[PDB]
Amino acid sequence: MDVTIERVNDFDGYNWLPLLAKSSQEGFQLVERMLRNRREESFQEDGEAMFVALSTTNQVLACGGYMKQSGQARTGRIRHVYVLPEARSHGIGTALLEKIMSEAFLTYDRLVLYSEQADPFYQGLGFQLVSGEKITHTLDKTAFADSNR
(Lines of atoms letter the chains of each structure in order from A and count residues from 1; the text may use other names and numbers.)
(Lines give C-alpha, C1' and ligand atoms only; values in the text may rest on other atoms or scores of the structure.)
Protein backbone atom coordinates (compact mmCIF):
# COMPACT_ATOMS: atom_id res chain seq x y z
CA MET A 1 0.00 0.00 0.00
CA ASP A 2 1.09 3.54 -0.80
CA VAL A 3 1.16 5.43 2.48
CA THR A 4 2.79 8.60 3.66
CA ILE A 5 4.22 8.76 7.18
CA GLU A 6 3.63 12.17 8.77
CA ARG A 7 4.66 13.77 12.08
CA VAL A 8 1.72 14.65 14.29
CA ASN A 9 1.95 18.32 15.20
CA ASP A 10 -1.85 18.75 15.58
CA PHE A 11 -3.67 15.78 17.09
CA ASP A 12 -6.99 17.48 16.49
CA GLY A 13 -6.56 17.47 12.69
CA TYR A 14 -7.11 13.71 12.14
CA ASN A 15 -10.06 11.40 12.41
CA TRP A 16 -8.88 8.98 15.09
CA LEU A 17 -12.21 7.20 15.59
CA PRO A 18 -11.50 4.25 13.29
CA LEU A 19 -8.14 3.58 14.97
CA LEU A 20 -9.75 3.93 18.42
CA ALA A 21 -12.59 1.58 17.50
CA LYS A 22 -10.55 -1.19 15.95
CA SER A 23 -7.85 -1.15 18.61
CA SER A 24 -10.47 -1.22 21.38
CA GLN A 25 -12.26 -4.10 19.65
CA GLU A 26 -9.03 -6.11 19.70
CA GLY A 27 -8.53 -5.40 23.42
CA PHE A 28 -5.74 -2.83 23.00
CA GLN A 29 -5.71 0.39 25.04
CA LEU A 30 -2.58 1.86 23.47
CA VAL A 31 -4.29 4.22 20.99
CA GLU A 32 -6.84 5.33 23.59
CA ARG A 33 -4.06 5.94 26.14
CA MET A 34 -2.01 7.95 23.65
CA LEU A 35 -4.88 10.22 22.70
CA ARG A 36 -6.42 10.61 26.14
CA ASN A 37 -3.04 11.52 27.69
CA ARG A 38 -1.92 13.88 24.89
CA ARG A 39 -1.89 17.00 27.11
CA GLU A 40 0.72 15.48 29.42
CA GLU A 41 2.59 13.36 26.86
CA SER A 42 2.21 15.44 23.74
CA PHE A 43 5.09 14.00 21.68
CA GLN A 44 5.84 17.64 20.69
CA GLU A 45 8.97 18.28 22.78
CA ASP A 46 12.60 17.62 21.98
CA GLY A 47 13.39 13.91 22.06
CA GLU A 48 9.92 12.72 21.16
CA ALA A 49 7.63 12.40 18.16
CA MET A 50 4.38 10.75 17.12
CA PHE A 51 3.74 9.62 13.56
CA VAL A 52 0.73 8.56 11.54
CA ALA A 53 0.55 6.59 8.30
CA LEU A 54 -1.93 8.15 5.89
CA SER A 55 -3.54 6.37 2.98
CA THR A 56 -3.78 7.83 -0.54
CA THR A 57 -7.23 9.08 0.53
CA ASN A 58 -5.82 10.67 3.72
CA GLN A 59 -7.24 8.19 6.15
CA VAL A 60 -5.19 7.23 9.21
CA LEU A 61 -3.99 3.62 8.84
CA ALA A 62 -1.46 3.48 11.71
CA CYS A 63 0.25 5.42 14.42
CA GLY A 64 3.49 5.11 16.38
CA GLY A 65 6.21 7.17 17.91
CA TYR A 66 8.85 7.54 20.56
CA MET A 67 9.78 9.47 23.67
CA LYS A 68 12.17 9.31 26.59
CA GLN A 69 12.19 6.07 28.61
CA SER A 70 11.60 7.03 32.21
CA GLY A 71 14.24 6.03 34.72
CA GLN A 72 16.80 4.95 32.10
CA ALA A 73 19.47 7.27 30.75
CA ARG A 74 20.09 7.84 26.98
CA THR A 75 17.21 5.45 26.27
CA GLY A 76 14.11 6.07 24.20
CA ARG A 77 10.87 4.11 24.30
CA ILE A 78 8.94 3.28 21.13
CA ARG A 79 5.28 3.80 21.99
CA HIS A 80 1.77 3.35 20.76
CA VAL A 81 2.51 1.44 17.57
CA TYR A 82 -0.72 0.17 15.99
CA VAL A 83 -1.76 -0.62 12.40
CA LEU A 84 -5.45 -0.99 11.47
CA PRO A 85 -6.25 -4.68 11.00
CA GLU A 86 -7.28 -4.29 7.33
CA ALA A 87 -4.02 -2.40 6.56
CA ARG A 88 -1.62 -4.96 8.07
CA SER A 89 0.84 -7.08 6.06
CA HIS A 90 1.45 -4.33 3.45
CA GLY A 91 4.70 -2.87 4.80
CA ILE A 92 3.20 0.03 6.79
CA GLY A 93 4.51 -1.09 10.20
CA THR A 94 7.96 -1.57 8.71
CA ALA A 95 7.99 1.92 7.17
CA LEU A 96 6.75 3.44 10.41
CA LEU A 97 9.36 1.69 12.58
CA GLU A 98 12.19 2.45 10.15
CA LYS A 99 11.31 6.16 10.35
CA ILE A 100 10.99 6.05 14.14
CA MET A 101 14.29 4.19 14.60
CA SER A 102 16.29 6.41 12.31
CA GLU A 103 15.06 9.60 13.97
CA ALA A 104 15.10 8.39 17.57
CA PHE A 105 18.70 7.23 17.32
CA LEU A 106 19.70 10.88 16.78
CA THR A 107 18.75 11.43 20.44
CA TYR A 108 19.05 8.01 22.16
CA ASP A 109 21.77 5.37 22.35
CA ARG A 110 19.24 2.61 23.01
CA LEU A 111 15.59 2.02 22.09
CA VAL A 112 13.21 -0.17 24.05
CA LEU A 113 9.58 -1.22 23.77
CA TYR A 114 6.93 -3.49 25.24
CA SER A 115 5.11 -5.78 22.80
CA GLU A 116 3.43 -8.99 23.90
CA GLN A 117 2.02 -9.78 20.46
CA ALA A 118 4.56 -8.84 17.79
CA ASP A 119 7.91 -10.50 18.55
CA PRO A 120 8.61 -11.67 14.96
CA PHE A 121 8.01 -8.14 13.61
CA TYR A 122 10.41 -6.55 16.11
CA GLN A 123 13.10 -9.21 15.76
CA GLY A 124 12.95 -8.74 11.97
CA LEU A 125 13.83 -5.10 12.56
CA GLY A 126 16.89 -6.08 14.65
CA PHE A 127 15.48 -5.84 18.20
CA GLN A 128 16.59 -8.31 20.83
CA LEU A 129 13.99 -10.10 22.92
CA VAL A 130 14.53 -9.57 26.66
CA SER A 131 12.84 -10.81 29.80
CA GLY A 132 11.68 -7.65 31.56
CA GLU A 133 8.68 -6.40 33.52
CA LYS A 134 8.57 -3.12 31.64
CA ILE A 135 10.18 -4.05 28.31
CA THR A 136 10.16 -6.94 25.86
CA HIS A 137 12.57 -5.68 23.16
CA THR A 138 15.74 -3.60 23.03
CA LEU A 139 18.21 -2.31 20.42
CA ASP A 140 21.52 -0.46 20.83
CA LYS A 141 22.54 2.30 18.41
CA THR A 142 25.83 0.53 17.69
CA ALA A 143 23.84 -2.50 16.47
CA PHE A 144 21.55 -0.25 14.44
CA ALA A 145 24.60 1.50 12.94
CA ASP A 146 26.25 -1.81 12.02
CA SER A 147 23.10 -2.60 10.03
CA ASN A 148 23.25 0.93 8.50
CA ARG A 149 26.90 1.98 8.01
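Throughout, we count residues from 1 along the sequence that is shown.
Participant: Going by the B-factors listed in the PDB entry, is the mean over the C-alpha atoms higher for 116-124 or for 55-63?
Facilitator: So the stretch with the higher mean C-alpha B-factor is 116-124.
Participant: Between 16-24 and 126-134, which has the larger average Cα B-factor in the PDB entry?
Facilitator: The entry gives the higher C-alpha B-factor average to 126-134.
Participant: In terms of the CA temperature factor given in the entry, to which third of its chain does residue 86 belong: lowest, middle or highest?
Facilitator: Highest third of the chain for residue 86's C-alpha B-factor.
Participant: Lowest, middle or highest third: where is residue 44 by C-alpha B factor in its chain?
Facilitator: Middle third - that is where residue 44 ends up once the chain's C-alpha B-factors are sorted.
Participant: Compared with the other modelled residues in the chain, in which third is the CA B-factor of residue 30?
Facilitator: Answer is highest: the recorded C-alpha B-factor places it there.
Participant: Residue 94: which third of its chain by C-alpha temperature factor?
Facilitator: As the PDB entry reports it, the C-alpha B-factor of residue 94 lands in the middle third of its chain.
Participant: Lowest, middle or highest third: where is residue 3 by C-alpha B factor in its chain?
Facilitator: Middle third.
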